[PDB]
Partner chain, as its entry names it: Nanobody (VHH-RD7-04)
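Here we start with a single chain on its own, the form solved without its partner chain, put down as structure tokens.
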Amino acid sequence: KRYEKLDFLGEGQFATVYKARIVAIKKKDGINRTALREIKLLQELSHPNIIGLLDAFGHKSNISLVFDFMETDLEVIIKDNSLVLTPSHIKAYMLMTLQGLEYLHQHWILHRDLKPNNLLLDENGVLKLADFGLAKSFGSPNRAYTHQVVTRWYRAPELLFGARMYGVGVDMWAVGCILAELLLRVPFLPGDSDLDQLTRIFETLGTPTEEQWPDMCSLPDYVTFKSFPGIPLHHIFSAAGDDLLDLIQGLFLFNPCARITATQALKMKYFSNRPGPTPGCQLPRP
């Protein structure tokens, strides 16, 4: 085509990503449904904090997708010991993630794969949601989805309890986990199994009650845990202010209906309080 290969960027089990000239090219059942999902969703979306699909082409039952080239991701930022993550940096990353997510949610799409390495960063410091291979439209009672979505460490408790019907909470919980990972620099809730994921969630944040989550027991794979009191958030996050703790509390509410939406999160005092989010050019470059 009109794109000359320059570098090999990565290998996921459904596609090989390579730099090209700068863009990133991602190369009996027919064309793969993950690629078709990416095409069909990203063609209908245009926002600065969502990865832009620039073109698609291919041959036979193969296909390649052209994307804006991204410099790094949030996982590399988190794991880089030499980068100090000031509160302004965390505010900037959260703001961009939430604005992209607000736009995505107004168009009735859930990302369902939010994690630090899916929050890509470009050379201008602009964060973009990427990897829409699990993304799906929501708001339709005619559609029933799967619960195993979202990587385990970022999977919301209603997904772990097996919710076949869910809204934006599955994204917001992951957002909270990402936020926690930005604060602690280690995965907040690193469960090695779904049961162990729920165990770590309840050990840290407390076992929810009926008042906390009225229909908790109606989820098909619900199962009862020991009453863990939970660790108060200000003990877990010892350097966070009250505004940040309120945001974290909102993102980790066990009730998915009560869990704060992207719009509600953006309206919180934390984002409007001092200090302001750093400009993109000043964000730390690994």
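Positions refer to the first chain, counted from 1.
Missing here is the form solved in complex with its partner chain; even so, the following discussion is about that form.
Contact annotation: residue 214 falls within 4.5 Å of its partner chain in the deposited bound form, judged by heavy atom distances. Proximity of residue 50 to its partner chain in the deposited bound form: non-hydrogen atoms within 4.5 Å are absent; the residue sits far from the partner.
Proximity of residue 70 to its partner chain in the deposited bound form falls outside the 4.5 Å heavy atom cutoff.
For residue 236, no non-hydrogen atom is located within 4.5 Å of its partner chain in the deposited bound form, even though that partner is not displayed.
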